[PDB]
Amino acid sequence: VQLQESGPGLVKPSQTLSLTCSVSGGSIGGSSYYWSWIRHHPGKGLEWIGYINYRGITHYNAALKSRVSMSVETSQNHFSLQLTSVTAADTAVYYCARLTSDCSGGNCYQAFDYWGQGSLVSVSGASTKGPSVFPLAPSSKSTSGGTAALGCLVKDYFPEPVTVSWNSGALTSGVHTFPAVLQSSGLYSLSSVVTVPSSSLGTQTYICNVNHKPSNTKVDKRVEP
Amino acid sequence: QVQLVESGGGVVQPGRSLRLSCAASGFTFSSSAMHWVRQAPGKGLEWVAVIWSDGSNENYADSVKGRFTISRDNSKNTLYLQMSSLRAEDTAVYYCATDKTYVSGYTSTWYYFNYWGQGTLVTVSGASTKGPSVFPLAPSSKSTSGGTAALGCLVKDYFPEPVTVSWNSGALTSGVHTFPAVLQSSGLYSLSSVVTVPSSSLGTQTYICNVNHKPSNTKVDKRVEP
Amino acid sequence: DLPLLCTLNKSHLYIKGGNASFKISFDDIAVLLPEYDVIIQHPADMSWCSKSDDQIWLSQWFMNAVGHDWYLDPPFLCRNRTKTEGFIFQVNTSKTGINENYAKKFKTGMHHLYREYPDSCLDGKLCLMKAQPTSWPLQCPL
Amino acid sequence: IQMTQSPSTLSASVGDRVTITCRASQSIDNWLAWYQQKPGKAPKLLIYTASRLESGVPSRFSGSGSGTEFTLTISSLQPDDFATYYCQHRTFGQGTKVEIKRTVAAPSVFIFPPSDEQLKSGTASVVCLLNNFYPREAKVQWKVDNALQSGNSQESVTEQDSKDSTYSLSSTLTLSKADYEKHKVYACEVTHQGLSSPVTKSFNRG
Amino acid sequence: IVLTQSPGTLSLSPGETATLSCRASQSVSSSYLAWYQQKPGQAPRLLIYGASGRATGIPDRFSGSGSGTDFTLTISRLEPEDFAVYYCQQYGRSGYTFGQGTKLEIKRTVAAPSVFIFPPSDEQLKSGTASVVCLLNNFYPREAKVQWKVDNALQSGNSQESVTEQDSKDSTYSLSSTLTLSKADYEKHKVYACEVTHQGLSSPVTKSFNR
Ligand SMILES: *[C@@H]1O[C@H](CO)[C@@H](O[C@@H]2O[C@H](CO)[C@@H](O[C@@H]3O[C@H](CO)[C@@H](O)[C@H](O)[C@@H]3O)[C@H](O)[C@H]2NC(C)=O)[C@H](O)[C@H]1NC(C)=O
Ligand SMILES: *[C@@H]1O[C@H](CO)[C@@H](O)[C@H](O)[C@H]1NC(C)=O
């Protein structure tokens, strides 16, 4: 059983955010099966939004009931989430789950068992920005014995996030993709490194596969000493 | 037409299991839920277990719950109560009761009991079955008035309950007060039955007490004179 | 595909969704109690009341049809699923006390679902809503 | 979810408007019943759901109550109503024994010596009778040369008589032959309301 | 209704048992409470359902317990792959409110950082910007001190630090401070240093480069 989230990365304020979750494994609902949406704020805890049944039965959160609608279609196995008059305080990571309330003895009405990876939703009226990828070339000072280190700096982009693959996703061993940190100028800056030994100095070409889907920029920067 | 009969169970040493049944007739047994009721003489009533009709055995009374079981057989039309790891405090009379629904659109669980049984006295004691020793209560000539004088017998140290006492093989009813059984220190029930007779009946009529203890088969007839 | 409704006599109220069919009755007789039974707060509590899919759905469709505010309106009682006694959900619809505001709201509901219903609930006396799965009546069409 | 019945023992005469109360720990609306147990037979169901009488129970019995407080009133009780009543639900009531109201009766106190056959076995018990008295609260004080409470722990009572509705008590002092041939005067001090000066019936040995 | 999860952060050694408390303001008659495990950069998964029963595919070292207000999650024989954020949930007064959260740090031997320095890229230097990146590879614990030295003078207000969460494969963290300056500022100085202070590396190592 799997779940997939699909919606816009950036939604302008006072507008409508809409995301749709894909049920993989079985048909939508049945006896003791509800489909929810669980929001996740930056630092601030998990908030539950609302659910929908196999034949469309909804119940929402007290603070969200005023502006949240949800839909469902059992024919193609997908359910909706609609929030109107979005604000900056509606910036979170939206996960879709399965509530369920079937058991063996007691505690039948239980909690969410299956979840999706979740889509990051940024709520801002600011224009999107393309990340300028700069290769961090392996230098003589960045050589500590038999090992070396190299990387790529995904500088000045908006909104979050960016996906960094290495050698088109070949080498994952000894890789550290750092989280995005807001700049002095107030833009996202991502670092991503890899530690290859000094033996493989001028052998295999090291390319970072950077992707910024909200701006649709696919940059393949080569790192050479 | 509704009748509820019990199997039987008496003496049992504390800890040993005792099994009891309840045959039912005159009503649709498989429909009405059935269950038992504990009744000690020194407390009155107490509910002990419940079983829904046609399987799905529900809980018991926490008073004793964990150490015994209740069963139901709809083919034989009998009820069951298997009392294991007994304690001395279960010295009681066990009734069989029914009822389900309520005359309107309701069915679901009813701790009410419209039709009862007879009850089988189950004494939980380790004491050995022994015969009673009968002693005559000497009619003293204190209240020597020609209309009032007491006379009796003493059914001392017997086990287990009960004891049936009569006078002149059922020829006396006036003044005959058969006192309840008292289980004295370290087993052995002991009671006494008295009769009020005029002083004229003292030296004319022969008074004997028809005491019997069928659990020990001891039939005693004792001559009472001052 | 909308749940079937039926009106008979006054007291004989009927409903059918899918395979399930209930009997909505109003009287002062009590069968469900708190601590003893279940406390339905939102429609996800109802799913551990029955095993049948139509039996859970019709009960939650009937409560959303009458206008039971799952946030404001008081919770109601239900029978534990693993119980052979059957299926029954009870809504406290007493027209006096704290449930007086809820009872008149529930009174107008039957006046718009079953259209005309002279309420078998006494205004200023104990009254309880009780639904039990019944057979689909002969008189009730479809 | 626990029951509380009061009074302990209702003492009333035939014709009175007698009424019994019942309490509940949890707010129980209509899940209560009343029982009638004449000692020697299983109780009969009187009324169910605190308001509706059972099919075939006299009209004088009336149960009223909802919420937590329940009452069982008998408009004009007949002699065939004198029994112990109980509450229902999971838990049960203590039992409000219903006794008659009678004129106070003095007990006919009678002291009985231990039998000669009883004396030879080693254990000789002294018996004291006090026949047909109405007020149940009657206490017996065993006085052997003026003191005792050992064997006094064994006393029994018959239930209210059918004719004159009076109880009768049998106090049995139990002791050994060793303790018997060690004391002289054996007394049975009876304290009762029907006795202006509590009467003492005594013997010695001969 | 209010859910409070205590403590804030639980740094424990593998094998040693971990106990997490979750107190409710209003007395919860259980069943709605369920524990969660969210591993870094992943979807949370159900640990315990109805506050007692362990979920599907969840080990028995994880044990759900409690009644009333206090509810306790207990993880006995810890491992480095048990590093996650733990949450307790509840439905009360219309809303599935969740817990605060306790980040469980799996301890290990105090490891020294592998410090490497990167000068600004050729493409960046032509664009009138210059970013010096100091990489600090796989150390323990997270608590590390880093500063920039421009011709033996500290530079602040431009340098932004980035830290990854505990790489459960070896229980180590990593850092990247990015000192940003203009083209003119890069030309006016010649030696750029990265001052590193950590418990693992007792001697404060300063790795520098020349223009
Ligand atoms: C269903 O709703 C009704 C109506 O609200 C409930 O009946 C009422 O319950 C309350 C709480 O037990 C009663 O209040 C009590 O009143 C007595 C005095 O009469 C007082 O001593 C108590 O402390 C308490 O305040 C209320 O009186 C009673 N309704 C009336 C008008 O008599 C009912 O309990 C609810 N539940 C069910 C399943 O029936
Ligand atoms: C329902 O049944 C289960 C299993 O026997 C039991 O644990 C629970 O206490 C019952 N009632 C409620 C209110 O959940």
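Residues numbered from 1 in each chain as written, not as in the entry; some residues may be left out. Chains lettered and ligands numbered in written order. Heavy atoms only, no water.

With that out of the way, let us pick up the state of the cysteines. Under the defined criterion, the tally for this structure stands at 12 disulfides over all chains. In this model, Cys-103 of chain A is linked to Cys-108 of chain A through a disulfide, with the two sulfur atoms separated by 2.0 Å. Here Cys-103 of chain A and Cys-108 of chain A share a disulfide; its torsion about the S-S bond, -85 degrees, makes the bridge left-handed. The partner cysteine of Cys-134 of chain E in its disulfide is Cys-194 of chain E, sulfur to sulfur 2.0 Å. In this structure, the disulfide formed by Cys-134 of chain E and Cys-194 of chain E twists by about -100 degrees around the S-S bond and is classed as left-handed. Taken together, the residues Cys-134 of chain E in strand 13 (residues 129-139) and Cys-194 of chain E in strand 17 (residues 191-197) connect sequence positions 60 residues apart. Disulfides within chain B link the bonded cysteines, taken in sequence order, as 1-2, 3-4. (Disulfide = S-S within 2.5 Å. Helix = DSSP H or I, 4+ residues; strand = E, 2+ residues; numbered from the N terminus.)

A separate point is the interface of chain A and chain E. Facing the 45 residues of chain A at the interface are 51 residues of chain E. Across the chain A/chain E interface, buried area totals approximately 4000 Å², and carbon plus sulfur atoms make up 62% of it. Summed over the shared surface of chain A and chain E, the result is one salt bridge. A salt bridge links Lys-221 of chain A to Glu-123 of chain E, with the shortest nitrogen-to-oxygen separation between them at 2.8 Å. (Contact = heavy atoms within 4.5 Å. Buried area = accessible area lost by both parts, 1.4 Å probe. Salt bridge = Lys/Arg side-chain N within 4 Å of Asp/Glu carboxyl O.)

What follows is about the domain arrangement of chain A. Residue and element names in this part refer to chain A. Domains assigned within chain A are domain 1 (1-125) and domain 2 (126-223). With centres defined by C-alpha atoms, the gap from domain 1 to domain 2 works out at 33 Å. Across the contact, five residues belong to domain 1 and five residues belong to domain 2. The largest contributions to the domain 1 side of the interface with domain 2 come from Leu-10, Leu-120 and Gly-125, which together make up 65% of the buried area. Taken together, the links from domain 1 to domain 2 amount to zero salt bridges. At the boundary of domain 1 with domain 2, the tally comes to one residue pair in polar contact. Split into classes, the residues belonging to the side of domain 1 that touches domain 2 amount to two nonpolar, three polar and no charged. (Domains from an automatic or database assignment. Polar contact = N/O pair within 3.5 Å; in protein donor to acceptor, adjacent residues only side chain to side chain. Nonpolar A, V, L, I, M, F, W, Y, C, P; charged D, E, K, R; others polar.)

Residue and element names in this part refer to chain C. The interhelical angle for the contact between helix 1 (residues 53-65) and helix 2 (residues 100-113), taken along N-to-C directions, is 105 degrees, at an axis separation of 9 Å. The orientation of helix 1 relative to helix 2 falls into the category roughly perpendicular. For the pair helix 1 and helix 2, the contacting residues are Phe-62, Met-63 and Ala-65 in the first and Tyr-102, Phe-106, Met-110 and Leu-113 in the second. Here the contact of helix 1 with helix 2 is composed, by residue class, of seven nonpolar, no polar and no charged. (Axes fitted to C-alpha atoms, helices over the stretch in contact; angles between N-to-C directions. Parallel < 35°, antiparallel > 145°, perpendicular 65-115°, else oblique.)

A few words on the pattern of salt bridges. Under the counting rule described, the total for this entry stands at 31 salt bridges over all chains. Measuring nitrogen to oxygen at the nearest pair gives 3.9 Å for the salt bridge that ties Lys-95 of chain C to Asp-123 of chain C. Pair noted here: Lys-95 of chain C is in the loop between strand 6 (89-92) and helix 2 and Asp-123 of chain C is in the loop between helix 2 and strand 7 (128-133), with a separation of 28 residues, a long-range link. Connected through shared salt-bridge partners, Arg-38, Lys-43, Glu-46, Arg-67 and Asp-90 of chain B make up one network.

Here we take up the sheet that holds strand 12 (residues 123-133) of chain D. In any sheet, the strands associate via hydrogen bonds between backbone groups, in a parallel or an antiparallel arrangement. Residues and elements named next belong to chain D. The four strands are arranged 11-12-15-14 in an open sheet whose pairing can be described as antiparallel. In this open sheet, the two strands that pair with only one neighbour each are strand 11 (108-112) and strand 14 (155-158). With strand direction ignored, the average angle separating the axes of adjacent strands in the sheet is 15 degrees. As paired elements, strand 12 and strand 15 (residues 167-176) share nine bridges and run antiparallel to each other. Its bridge partner lying in strand 15, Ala-124 is registered against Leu-175. (Pairing = 2+ DSSP bridges.)

Here the focus is the interface of chain C and chain E. Quite often, the size of an interface is put as the accessible area lost when its parts meet. Contacts between the two partners involve six residues from chain C, matched on the other side by five residues from chain E. Each partner contributes to the roughly 410 Å² buried at the junction of chain C and chain E, and carbon and sulfur atoms together form 51% of this total. By the criterion of area lost to chain E, the three top residues of chain C are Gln-41, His-42 and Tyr-71 of chain C, representing 77% of everything that side buries. Across the chain C-chain E interface, the total number found is two residue pairs in polar contact. Across the side of chain C that touches chain E, the residue classes break down as three nonpolar, two polar and one charged.

Surveying the vicinity of ligand 2 reveals the residues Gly-105 of chain A together with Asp-37, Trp-48 and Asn-80 of chain C. Mapping the residues adjacent to ligand 2 onto the chains of the assembly identifies chains A and C. A distance of 2.3 Å separates an oxygen atom of ligand 2 from a polar side-chain atom of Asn-80 of chain C. About the coverage of ligand 2: the protein hides 49% of its 360 Å² of free accessible area. Each residue belonging to the shell around ligand 2 can be placed in one class, and the counts come to one nonpolar, two polar and one charged. (Near = heavy atom within 4 Å. Areas by Shrake-Rupley, 256 points an atom, 1.4 Å probe, with all protein chains shown as cover.)

Here we come to the site of ligand 1. Every residue near ligand 1 is listed here: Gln-90, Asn-92, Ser-94, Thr-96, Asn-99 and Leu-128 of chain C together with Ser-27 and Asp-29 of chain D. Residues near ligand 1 are shared among chains C and D, making this a multi-chain site. Between an oxygen atom of ligand 1 and a main-chain N or O atom of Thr-96 of chain C, the distance comes to 3.4 Å. Within the contact set of ligand 1, an oxygen atom lies 3.2 Å away from a side-chain nitrogen or oxygen of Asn-99 of chain C. Protein burial of ligand 1: of its 750 Å² of free accessible surface, 43% is covered by the chains.

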